[PDB]
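Visitor: Residue numbers (the UniProt record's numbering), protein chains in the order written: chain A, 86 to 142; chain B, 170 to 247. Have a look at this one.
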Amino acid sequence: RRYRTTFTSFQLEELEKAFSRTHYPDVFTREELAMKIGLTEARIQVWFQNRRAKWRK
Amino acid sequence: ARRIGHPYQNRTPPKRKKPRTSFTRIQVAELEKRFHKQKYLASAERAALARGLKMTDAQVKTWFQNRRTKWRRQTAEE
DNA sequence: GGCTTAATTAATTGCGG
DNA sequence: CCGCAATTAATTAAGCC
């Protein structure tokens, strides 16, 4: 029952597209994305964190 | 004010050695209690806080650093 | 109940003060 | 020394199938 973001299919779209460019975007890109898809920076920071973990293994 | 730092790929790979500790709820709840009235700890008083929660110095120092990160990320997360 | 995955935790490296 | 950015390996748990 702890909070848990479900991403729109649009924002999931933009996250995967960005991850495709760099696997380590800088803070400003992250921010710019956040505005562009209505999530806060921290949600994106974690997404990228988790997503990278997936990739590595 | 943004004071950005250095990218991770350029760093030399970590040496995690090692053990994955997890602080007891009393350890935790004391830390949180102190945090509420004091966001920064001078070294001597960090030493005392640790010595009295049977944690190391590094551990309290790191806990404090990680707490502040959470704190700000919460503060300015409106 | 399994499984993927968002969230959380204790750690690290290295600048800039 | 110290904070802090920027990251990880591990985990905890939400909620689809």
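Where is the CB? At the ideal position from N, CA and C, for every residue including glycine.
Output yes or no for whether 8 Å exceeds the beta carbon distance between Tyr109/A and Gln243/B.
Guide: The residue given as residue 109/A occupies position 24 in the first sequence. The residue given as residue 243/B occupies position 74 in the second sequence. Cβ distance not < 8 Å, so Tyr109/A and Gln243/B don't count as in contact.
Visitor: Specify, as a first and last residue, the run of the alpha helix (DSSP H) that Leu124/A falls within.
Guide: By 1-based counting over the first sequence, the position of residue 124/A is 39. Note, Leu124/A: premise wrong, no alpha helix (DSSP H); not H, not E.
Visitor: Taking 8 Å as the threshold (beta carbon to beta carbon), is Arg185/B in contact with chain A?
Guide: Within the second sequence, numbered from 1, the residue matching residue 185/B stands at position 16. No - not a single Cβ of chain A is within 8 Å of the one on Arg185/B.
Visitor: Tell me whether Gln207/B sits in a helix, a strand or coil according to DSSP, three-state version.
Guide: Indexing the second sequence from 1 puts residue 207/B at position 38. The answer is coil: DSSP assigns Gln207/B none of H, G, I, E or B.
Visitor: When burial is assigned at 16 or more other CB atoms within 10 Å of the CB, is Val131/A buried or exposed?
Guide: Within the first sequence, numbered from 1, the residue matching residue 131/A stands at position 46. Result: exposed.
Visitor: Just to confirm, are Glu246/B and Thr107/A a CB contact at a threshold of 8 Å?
Guide: Here residue 246/B refers to the residue found at position 77 of the second sequence. Here residue 107/A refers to the residue found at position 22 of the first sequence. No, they are not a contact pair.
Visitor: Helix or strand or just coil, what does DSSP make of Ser94/A?
Guide: Numbered from its first residue, the first sequence carries residue 94/A at position 9. Helix, per DSSP.
Visitor: Leaving aside the five residues before and after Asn235/B along the sequence, list all residues of the same chain whose C-beta is less than 7 Å from its C-beta, in chain order.
Guide: Reading the second sequence from its first residue, position 66 is the one you call residue 235/B. Counting only Cβ-Cβ distances below 7 Å, and skipping sequence neighbours, we find nothing.
Visitor: Which chain A residues sit within Cβ distance under 9 Å of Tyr209/B?
Guide: Residue numbering aside, residue 209/B sits at position 40 when the second sequence is read from its first letter. Under the 9 Å cutoff, chain A gives no residues; its nearest Cβ is about 23 Å from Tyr209/B.
Visitor: Considering only C-alpha positions, which residue in the set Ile195/B, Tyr209/B and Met224/B is nearest to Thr238/B?
Guide: Your numbering for residue 238/B matches position 69 in the second sequence. Minimum Cα distance to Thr238/B is reached at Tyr209/B.
Visitor: Is there a Cβ of chain B sitting closer than 8 Å to that of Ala103/A, yes or no?
Guide: Your numbering for residue 103/A matches position 18 in the first sequence. Not one beta carbon of chain B lies nearer than 8 Å to the beta carbon of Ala103/A.
Visitor: Taking just the CA atoms, how far does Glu201/B sit from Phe104/A?
Guide: Residue numbering aside, residue 104/A sits at position 19 when the first sequence is read from its first letter. Residue numbering aside, residue 201/B sits at position 32 when the second sequence is read from its first letter. Cα to Cα, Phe104/A sits roughly 36 Å from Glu201/B.
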